[PDB]
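The structure appears right after this line, and notes come after that.
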Amino acid sequence: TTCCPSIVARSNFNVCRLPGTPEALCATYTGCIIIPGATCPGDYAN
């Protein structure tokens, strides 16, 4: 799960999904963390 530290970072993460499609590129590019759990850390919840 593509846990992003803000709603702007997730919005930017999903614009990352338009060109740099693969979800891991979006993590490397908008400073988000793809984490095994199905929910987000207290400090990385959109």
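A Cβ is built for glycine as well, from the same backbone N, Cα and C atoms used for every other residue.
Swiss-Prot lists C3-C40, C4-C32, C16-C26 with the feature disulfide bond.
Annotated features taken from Swiss-Prot, shown on the structure.
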residue : record         : Cβ contacts under 8 Å, 6 or more apart
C3      : disulfide bond : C32, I33, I34, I35, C40, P41, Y44, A45, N46
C4      : disulfide bond : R10, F13, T30, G31, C32, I33, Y44, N46
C16     : disulfide bond : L25, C26, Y29, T30
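Neighbours of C40 (disulfide bond), defined as other CB atoms within 10 A of its CB across all chains, total 18.
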